[PDB]
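What follows is one chain in structure tokens, specifically the form deposited in one PDB entry.
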């Protein structure tokens, strides 16, 4: 017909924002290392420019990001169909299809069509096909407005087609449109609970019960989502600061003297290096200083060997009888120095063997037969009444230190250790001095033999739970408390530790000086061990399970310190109460939040602008269009835009426009004044300001140039330039709802029937379809209004057919309906109705179950008894009576 038909047009539909997500390899042998790959691909339907980015990864060249390659995909004739991100159900909107003619020397006569879709009321129906014919000048564009009303939510579809007469030219566009329910996206915080099974649960089990969300103001027939969030609460434990490296400089000393004094000098340097290694303080101390310190340790060791007697024991002089204590102290120092320098095993293990064979008595006691000359170097052992216990503990501690080094070389070692342990064990309770309780406490704890009353004695011997002390030299109390700290670490009694370490550090003892040997060695051994063993954080191992009534199987998650911040999420479409169970170590958080669509109380459109549009016949068809807008602000609006679309077959007066364009506060494009080709159907008037104190009004005339049955309403849209979303749209059309578009949108309000074509047999047939769950006689008690919904409160006068809802006679039920349906239903208070519907019409839950009046709901006016007396109401009244009697007495067939 000089045209291409609508059945023979394939609409463009492929519009990804990104594609070509492919991995390919270059295997073609190259020219100078450069391989050239040829690949075939299919350009999508979009009319735009693509950016193709390539990235390569070579085993020898590495990574290379190519420069972008642009490919422009273009046509000379096409439709540009631009839709909003979303539109609201049951709200009349105007979409625009813009037709483009980029041909240089050719005018186009085009027939454009919008396809019918049951999801939208439009001028095109299942049998009536909205088609227009328009003429597009060369190198120009043209907009085609379509007023529609979306009916159901979800991803719907809009498709418009076009073709030029006399040439083989067409184009179609098929895009999806997002339809959303009425109301506002809301969420409610249902629960926020602290998870801590250790503290909040019975025998370490915390069960938490969660209620459903209220959702009383929920929009009928909409989805909700309950979100369940779990997260861990990581807690750090504070570790006391290390002793600053600078404080230890004075401990790096040169060892000199004989058997005893050489060890006095060796002590501070060994323990200082040990402490600096553990706390990682060499960088700050001076990295290159460590080697000199090692050499001094080596020298101390080498010099000590000159006082090793043939028996492998030690004394101040080679002619002096060997000391039990000194020999045990050498083992103590050398065993720790094994981590620092090459120590001869045979020297160390020889000393151990000698202690065991020569100096351990049959009751397990170690005994001194030749006291050291430097009595000040033995710390709290000096003048200690509890001589056998303190020395045995001291020697036993040295043996434990050497145990792994001397394991294969001294077979008598484990039995000696056990024997010494037995003696300490049997005599511990009788101890009176805090020093001995501390040192023997440590010795027994190394063996796992400090329990019950002995453990209790050890702990309660501390004063203020932070120190072990006796009257006398304060250096002895520092030494003792250091032994006790080591015992505490051995027992892993970490909750008792912090006050003890605080007391020690508070003494500001940094070693060195006369009689400082044991205090210096022990304080830094204890504090080093503390840094090595103290935990940085609370343990976090939470096992969390939830049971939703909607499901059968537990959903279980574990919370860890490692991923404590990680947000575990679970979602359900059901609005159900449920349970959460928590087990294990540590703390966490549970939050429950339900997202839903809530009914609105006030208008959600035109919140920044007020827009009244009027259209009245003028005193060759002619009407005058008046537009009144006010800004809703504390200040006048800045530069704003009036986007106006004409009613079908209308065009603005010219000389009227020119008078507005000469207006000082307004502006009209010279473009939209140099036209006269049905392109005059859309118009933009630019406003410098929009007053906020009052209405800003303007008016002009419009001339009908084209007659047609289907006159589409015109539209006016107002907004400020900086915010397109803060707009307001009003539609306009002539009068003297009706007709055609209102009508098509009213169809799903309820079952439409022309009164006096409804028969008795017909009602009995339809009311008895399975699926029809309720049949009531109602009385409208009250009409109630919301922004988008009317709520009809019905008194139930008769339960003709009962379903799921066990409503009783005299009780009330609420029937909700879209505001668009108000005139169609024409319900009046105090009047009676026959109503029936499906199980799909139910909403909410007992005793808050509600009814939706939908497309399958029967709603019929039941005449009052006084009206029924009139001859002209007799048929309907009697039919209703016979209908009711039949349904109650015999029920639906079968």
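Numbering follows the first chain given and starts at 1.
According to the entry, the stretch of the deposited sequence that connects residue 619 to residue 620 contains 4 to 9 residues lacking coordinates, which leaves a gap of moderate length in the model.
The gap between residue 736 and residue 737 holds 4 to 9 unmodelled residues of the deposited sequence. Mean C-alpha B-factor is higher over 594 to 602 than over the other stretch, the pair under comparison being 303 to 311 and 594 to 602. Averaged over their C-alpha atoms, the temperature factors of 327 to 335 and 129 to 137 are higher for 129 to 137. Across the options 364, 513, 172, 810, the residue with the most elevated CA B-factor in the record is 172. Note on 227, 167, 290, 467: the highest value goes to 167, judged by CA B factor as recorded. When the CA B factors of the chain's modelled residues are split into thirds, the value for residue 879 lands in the lowest one. In the PDB entry, residue 770 places in the highest third of its chain by CA B-factor. Residue 862: CA B factor in the lowest third of modelled residues in this chain (values from the PDB entry).
For residue 374, the recorded CA B-factor ranks within the lowest third of the chain. Only modelled residues enter the ranking. Residue 667: CA B factor in the highest third of modelled residues in this chain (values from the PDB entry).
FYI, the form deposited in another entry isn't displayed, but the following is about it.
In this comparison between the shown form and the other one, the rigid parts meet at a hinge, and the single option from 594, 164, 745, 410 located at it is 745.
Between residue 746 and residue 114, the Cα distance is smaller in that other deposited form than in this structure, by no less than 3 angstroms.
In contrast to the form presented, in that other deposited form the C-alpha positions of residue 180 and residue 820 spread farther apart by 3 Å or more.
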